[PDB]
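The structure under discussion appears below in the form of structure tokens.
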Amino acid sequence: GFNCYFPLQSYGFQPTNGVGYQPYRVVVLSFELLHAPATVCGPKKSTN
Amino acid sequence: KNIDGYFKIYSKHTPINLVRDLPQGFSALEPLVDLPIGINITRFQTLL
Numbered sequence: 485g486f487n488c489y490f491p492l493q494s495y496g497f498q499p500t501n502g503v504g505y506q507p508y509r510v511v512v513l514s515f516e517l518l519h520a521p522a523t524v525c526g527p528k529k530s531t532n
Numbered sequence: 195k196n197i198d199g200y201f202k203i204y205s206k207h208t209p210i211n212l213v214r215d216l217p218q219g220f221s222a223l224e225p226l227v228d229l230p231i232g233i234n235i236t237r238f239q240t241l242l
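Pasting the structure below:
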């Protein structure tokens, strides 16, 4: 009502919507370094 | 054990026949799982 607005607002997604209105998917990957041995490592090359 | 920020666990399965739980038979202990978790450890409690 008056002086009372919903905390959440929806979005309008349609195929005919503009590029700014076009839906986008976003992923964030965060790196941390504590006083612990590394448990996530990249691939290590191996020769025959 | 807890060395260099690693939690090492050993185990061994051995049959017994005598009433006394810890017998004179000597058997080695084989490693089971090592854990690279860096946490200060000074107290432990068993569970039932």
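Protein chains in written order, with the entry's author numbering: chain A, 485 to 532; chain B, 195 to 242. Every residue, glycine too, gets a C-beta built ideally from N, C-alpha and C.
- In terms of Cα proximity to A/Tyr508, the closest of A/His519, A/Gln498, A/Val524 and A/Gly526 is A/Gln498.
- For B/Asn196, the pairing in a beta bridge is given by DSSP as B/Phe201.
- Taking B/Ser205 as the centre and dropping the five residues before and after it, the same chain places the C-beta of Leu226 closer than 6 Å to its C-beta, in chain order.
- The beta carbon of B/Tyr200 sits closer than 8 Å to those of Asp228, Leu229, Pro230 and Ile231, all from its chain and outside the five residues before and after it, given in chain order.
- Our two residues, B/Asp198 and A/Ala522, have alpha carbons roughly 13 Å apart in a direct line.
- Membership of B/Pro225 in the beta strand (DSSP E) is indicated by the continuous run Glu224 to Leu229.
- Identification of chain B residues near A/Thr531 by a Cβ-Cβ cut-off of 7 Å yields none; the smallest Cβ-Cβ distance measures about 27 Å.
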